[PDB]
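J.: Mind having a look at this structure? Questions to follow.
When we count neighbours, we look across all protein chains shown, and the Cβ atoms used for this are built from the backbone with ideal geometry, even at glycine. Taken together, the values in this text are just the output of simple stated rules run on the coordinates, not laboratory data.
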Amino acid sequence: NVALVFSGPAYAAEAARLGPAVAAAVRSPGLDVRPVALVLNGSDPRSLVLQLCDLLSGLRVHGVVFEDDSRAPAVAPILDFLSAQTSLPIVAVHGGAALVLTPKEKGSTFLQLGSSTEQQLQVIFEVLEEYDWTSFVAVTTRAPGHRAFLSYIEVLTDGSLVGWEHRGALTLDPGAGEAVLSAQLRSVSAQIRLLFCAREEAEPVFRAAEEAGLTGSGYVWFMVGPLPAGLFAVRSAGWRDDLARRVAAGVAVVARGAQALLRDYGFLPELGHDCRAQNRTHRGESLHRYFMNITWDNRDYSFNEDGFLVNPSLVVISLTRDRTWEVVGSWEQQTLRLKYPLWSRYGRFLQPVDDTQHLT
Amino acid sequence: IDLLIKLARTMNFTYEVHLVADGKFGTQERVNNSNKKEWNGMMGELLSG
Amino acid sequence: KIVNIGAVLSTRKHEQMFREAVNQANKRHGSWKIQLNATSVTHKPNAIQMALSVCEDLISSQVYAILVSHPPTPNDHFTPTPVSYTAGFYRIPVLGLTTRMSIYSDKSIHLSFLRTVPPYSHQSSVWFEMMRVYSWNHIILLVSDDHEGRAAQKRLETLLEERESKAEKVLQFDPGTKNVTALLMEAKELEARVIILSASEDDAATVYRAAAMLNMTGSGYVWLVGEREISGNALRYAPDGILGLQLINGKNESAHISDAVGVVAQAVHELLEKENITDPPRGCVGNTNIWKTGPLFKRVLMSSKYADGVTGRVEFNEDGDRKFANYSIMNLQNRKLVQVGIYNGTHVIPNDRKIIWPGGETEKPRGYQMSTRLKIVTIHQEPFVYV
């Protein structure tokens with residue numbers, strides 16, 4: 001029995017048809033799948049706190065997957081709030097509950113299909129040395145966890161046979177001034193700069209960068225989280241798997257995860273089936289001891305004890321001329337396949353400052 | 001070990017010799033996780049205690 | 001119109017004077033059209049249903065800030081968290097009191113939480129200078145292995161780095177240890193005798209009993225102990241010469257009740273400018289957008305210097321924490337908390353009575369015992385060291 005919750009009018013009429021479609025998608029002995037579709041919408045946590053418990057009291061469901069259409073990650077802690085108390089494993093396919101939120105509360109079973117900043121950071125450097133892009137500059141602004149971003153940069157340039165070069169700023173204030181930022185933006189020592197900032201706060205800096213003029217093909221930026229030409233970012237194949245495979249993958253992991261404790265002995269967990277039917281919540285153990293080996297469709301989905309994915313499918317996404325995002329390279333178990341054949345230099349994904357200083 | 005006996009009399013302490021664990025001298029090398037580098041061999045055992 | 005601020009209190013009796021306090025807004029700054037109202041409800045007995053009585057009660061009442069107090073029962077941080085989750089969704093600034101935990105000091109999950117009570121994390125800062133005037137150089141610390149234990153340790157090492165470089169040997173153990181004295185065998189091996197403990201409320205009994213079995217609390221030793229290991233059961237079966245701390249203005253809800261209103265009321269007046277003054281969204285039936293000046297309101301609360309109440313030192317750091325708090329250094333003199341000094345940001349000791357160090361020693365025992373036994377490492381070099 002797997003419960004599905006859907007938010008957003010775009011999925012309202014489309015939530016019904018996926019029920020029986022995924023029922024036979026994955027078949028495992030000893031378990032049954034009963035998907036449900038929710039048409040409720042609204043950011044306010046009224047249906048987010050009443051209907052879910054009603055469904056728990058109604059169908060006695062174990063394992064809930066949530067999806068959202070907007071990019072606001074403001075709903076993840078609320079799901080974290082319920083997960084630790086009701087002892088219900090919650091896995092999110094994508095949407096609002098897609099950004100990693102650490103540290104996670106003790107005695108919680110919230111699992112997310114994404115990688116941390118440091119995990120996403122290290123996949124960039126292979127592209128740097130693949131296209132002979134040793135020079136870099138690290139610039140960022142006030143972020144809740146930006147300090148760890150700086151630490152992991154030097155742990156790869158310090159070693160290696162190739163001698164790397166490092167430079168970077170500390171923080172930038174969008175309200176300081178577009179002209180003021182550009183004057184302070186002149187303190188650079190390389191051609192490539194790294195970007196790590198919030199989504200809303202990313203719009204003002206690009207306009208400031210456009211005022212600075214470093215938004216053409218003569219410079220590149222890498223985004224971890226108006227758009228200059230030649231912009232790179234990592235999305236962990238969020239735009240892939242269509243929509244039908246995501247819910248199929250979401251129900252696949254819980255079906256495999258529920259078997260992890262059933263193999264040892266016959267256990268029927270209904271602890272999370274209620275929210276107001278018992279006044280005690282002390283009974284809970286081995287919440288995240290399991291869910292260490294999640295393998296499906298010739299791929300590994302191992303989750304750390306903290307509760308985040310450690311074997312992802314990282315892909316780098318570039319920009320075309322029509323201001324559309326497309327995937328160029330990919331990472332798959334440290335293989336580093338590169339499309340858009342890399343030949344010559346300063347002709348693909350980058351251009352020199354001037355032609356007259358480029359001679360062969 | 002001929003010198004060590006001379007110090008151990010002048011300054012009046014008491015010793016207990018033991019050879020090194022692996023048999024190396026000492027250098028700094030990177031750990032697998034990040035670069036929390038540490039020492040090794042006879043140079044590292046002095047810092048450990 | 002009317003400036004109404006939310007709040008949650010432990011008992012309805014605690015709300016009686018709260019309404020009276022906010023009714024004295026006439027003798028404040030401006031007093032043009034400000035009409036303060038309590039808009040407060042007693043906290044739900046269970047934290048599951050308390051979120052059901054804020055969305056339609058406090059948000060629907062058009063509030064701006066909410067004050068959260070410690071529940072009367074010794075709950076394990078059950079109450080302070082859901083309020084921040086509820087308020088944090090709307091980004092409405094929220095400030096609380098009687099929250100002595102280090103988990104509310106990070107913006108990763110609790111983006112808005114300004115406590116006017118110092119946390120246990122900053123308590124380890126006073127130990128750095130408390131021993132400075134007592135001439136102590138090398139220390140060891142036994143720290144519980146959890147979120148709280150590691151929070152204090154990272155602070156202490158950074159403070160001690162510039163004075164005595166590193167500490168001697170940090171020891172860690174699981175929060176639920178039982179009859180584990182293995183880590184105590186090397187306690188009498190580092191010639192320190194400055195054992196510092198930051199355990200839980202109940203773990204102090206296990207360690208103190210364990211040290212008693214190895215006569216570790218006899219003459220010549222000193223102890224520095226946090227607040228948690230003095231109150232409650234931890235006082236029983238304790239060494240005779242602790243130098244633990246306590247809190248002066250803590251456990252007194254009414255002390256910060258008036259202070260909170262004064263800061264908030266003064267903050268409301270400063271909001272009146274030529275910029276946007278848009279109110280927070282009303283009700284919680286349907287609401288997605290967040291009022292832009294909400295984050296700005298938090299910055300106004302950050303830049304509030306309230307020179308009244310607790311000696312006029314209502315100040316906050318880059319995070320929301322009390323500043324220049326006084327801990328009133330305590331002691332144990334034959335089953336008696338005999339105060340032997342004070343602390344107010346800078347340590348000056350009004351040496352009331354006399355210090356009785358563990359073992360009954362009248363003079364302060366220096367913690368250091370250099371050893372005459374050494375371990376020496378040699379390697380096979382043919383002309384130098386044969387084998």
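J.: Which value in nm describes the separation of the simple spin-label points at C:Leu159 and C:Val348, placed 7 Å from the Cα toward the beta carbon?
T.: Placing both labels 7 Å along Cα→Cβ, they lie 2.1 nm apart.
J.: Follow-up question, since we're still on this one. Once the Cβ-Cβ distance between C:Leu52 and A:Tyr152 is put in as r, and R0 is 56 Å, what FRET efficiency do you end up with, to the nearest 0.05?
T.: Step by step, r from the Cβ atoms, then E = 0.85.
J.: Based on the Cα coordinates of region A:150-213, what is the per residue volume of their convex hull in Å³?
T.: Considering the Cα atoms of region A:150-213, their hull volume per residue is 95 Å³.
J.: What spacing in nm lies between the two simple spin-label points modelled at C:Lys292 and C:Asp279, each 7 Å away from Cα in the Cβ direction?
T.: 2.0 nm
J.: Could you give the semi-axes, largest first, of the ellipsoid that matches the protein assembly as shown, computed as the square roots of 5 times the alpha carbon gyration tensor eigenvalues and rounded to whole Å?
T.: Here the semi-axes work out to 46, 40, 31 Å.
J.: Divide the volume of the convex hull of the Cα atoms of region C:136-273 by its number of residues and quote the answer in cubic angstrom per residue.
T.: 157 Å³
J.: Okay, moving on. Mind sorting C:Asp240, B:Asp2, C:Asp321, A:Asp306 by how few other Cβ atoms lie within 10 Å of their own Cβ, fewest first?
T.: B:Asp2, A:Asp306, C:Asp240, C:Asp321
J.: Under 20 °C and 1.002 mPa s, how fast does region C:72-222 diffuse according to Stokes-Einstein, given a Kirkwood radius computed over C-alpha pairs? Answer in µm²/s, whole number.
T.: 122 µm²/s
J.: Here's another thing I want to ask about it. Give the residue from C:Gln369, C:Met185, C:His70 lying farthest towards the positive end of the charge dipole for chain C; charges sit on Cβ (+1 for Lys and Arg, -1 for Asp and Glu) and the dipole is referred to the Cα centre.
T.: Positive-most Cα among the choices belongs to C:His70.
J.: Under 18 Å from a point 7 Å along the Cα-to-Cβ line of A:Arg337: which residues of region A:118-136 have their amide N that close?
T.: Those under the cut-off are A:127.
J.: Put a dot 7 Å past each Cα toward the Cβ at C:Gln16 and C:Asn317; how far apart are the dots in nm?
T.: Distance between label points: 3.9 nm.
J.: Which values of log₁₀ I(q)/I(0), to two decimal places, follow from the Debye formula for region A:79-120 at q = 0.17, 0.22, 0.23 Å⁻¹ with a uniform point scatterer at every Cα?
T.: -0.44, -0.71, -0.77
J.: Oh, and also: Size of the dipole of chain C about the Cα centre, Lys and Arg at +1 and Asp and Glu at -1 on the beta carbon, nothing else charged, in debye to 20?
T.: 820 debye
J.: For the residues A:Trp133, C:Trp223, what sequence is obtained by ranking on other C-beta atoms within 10 Å, fewest first?
T.: Least crowded to most crowded, the residues run A:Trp133, C:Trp223.
J.: Determine the dipole magnitude for the protein assembly as shown: charges of +1 sit on the beta-carbon of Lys and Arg, -1 on that of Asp and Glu, nothing else is charged, the reference point is the Cα centre, and the result goes in debye to the nearest 20.
T.: 1560 debye
J.: Angle, helix C:147-164 long axis vs. longest principal axis of chain C, Cα atoms, 0 to 90°, nearest 10?
T.: Relative to chain C, helix C:147-164 is tipped by roughly 60 degrees.
J.: Mind listing the long-range amide H neighbours of A:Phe6? Cut-off is under 5 Å, sequence gap 5 or more, other chains count too, H placed in the peptide plane at 1.01 Å from N.
T.: A:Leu38
J.: What fraction of the DSSP beta bridges in the protein assembly as shown is antiparallel, stated in percent and rounded to the nearest 5?
T.: 25 percent
J.: Among C:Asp57, A:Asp80, A:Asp354, what is the fewest-to-most ranking by other Cβ atoms within 10 Å?
T.: Ranking C:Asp57, A:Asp80, A:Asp354 by Cβ neighbours within 10 Å, fewest first, gives A:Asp354, C:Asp57, A:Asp80.
J.: Let me test this: with uniform point scatterers at the alpha carbons of region C:1-143, what is the Debye-based log₁₀ I(q)/I(0) at q = 0.13 1/Å?
T.: -0.67
J.: Can you check what the net charge comes to around C:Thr42, using other residues whose Cβ is under 14 Å from the Cβ of C:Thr42 (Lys, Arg +1; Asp, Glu -1)?
T.: Neighbourhood net charge equals +1.
J.: Would you compute the Debye intensity of chain B from its alpha-carbon atoms alone, equal scatterers and no solvent, and pass along log10 I(q)/I(0) at q = 0.22, 0.25, 0.27 Å⁻¹ to two decimals?
T.: -0.87, -0.96, -1.02
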